[PDB]
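Please read the structure below before turning to the comments.
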Amino acid sequence: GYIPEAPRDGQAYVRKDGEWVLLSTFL
């Protein structure tokens, strides 16, 4: 339920299809 702002730096969000989606490290 609660959204905890976890300290991350390996995930990046782009706004795709009008929605927020995060990139990826390995394919």
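Residue numbering restarts at 1 for every chain of the structure tokens, chains are lettered A, B, ... in their displayed order, and ligands are numbered from 1 as they appear.
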### Query
Which polymer residues have any atom within 12 Å of an atom of residue 24 (chain A), counting only C-alpha atoms, with same-chain residues fewer than 6 positions away left out, as a PyMOL selection string?
chain A and resi 9-14
Let's have the selection written as a JSON list (two decimals), in the first residue's frame, with N, CA and C atoms.
```json
[["chain", "number", "residue", "atom", "x", "y", "z"],
["A", 9, "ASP", "N", 19.58, 3.88, -8.08],
["A", 9, "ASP", "CA", 20.26, 4.62, -9.11],
["A", 9, "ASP", "C", 20.51, 3.80, -10.36],
["A", 10, "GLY", "N", 19.91, 2.61, -10.43],
["A", 10, "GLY", "CA", 20.08, 1.76, -11.57],
["A", 10, "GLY", "C", 18.84, 1.65, -12.42],
["A", 11, "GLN", "N", 17.84, 2.41, -12.03],
["A", 11, "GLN", "CA", 16.56, 2.43, -12.73],
["A", 11, "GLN", "C", 16.17, 3.86, -13.11],
["A", 12, "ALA", "N", 15.79, 4.06, -14.36],
["A", 12, "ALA", "CA", 15.39, 5.38, -14.83],
["A", 12, "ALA", "C", 14.06, 5.31, -15.56],
["A", 13, "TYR", "N", 13.16, 6.22, -15.22],
["A", 13, "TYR", "CA", 11.85, 6.27, -15.82],
["A", 13, "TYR", "C", 11.78, 7.22, -17.00],
["A", 14, "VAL", "N", 11.16, 6.73, -18.07],
["A", 14, "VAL", "CA", 10.90, 7.53, -19.23],
["A", 14, "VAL", "C", 9.40, 7.55, -19.35]]
```
### Query
Could you pull out all residues of chain A with a DSSP call of strand (DSSP E) and give them as a list in words?
residues 13, 14, 15, 16, 19, 20, 21 and 22 of chain A
### Query
Expressed in Å to a single decimal, how great is the separation between CA of residue 7 (chain A) and CA of residue 22 (chain A)?
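Those two atoms sit 14.7 Å apart.
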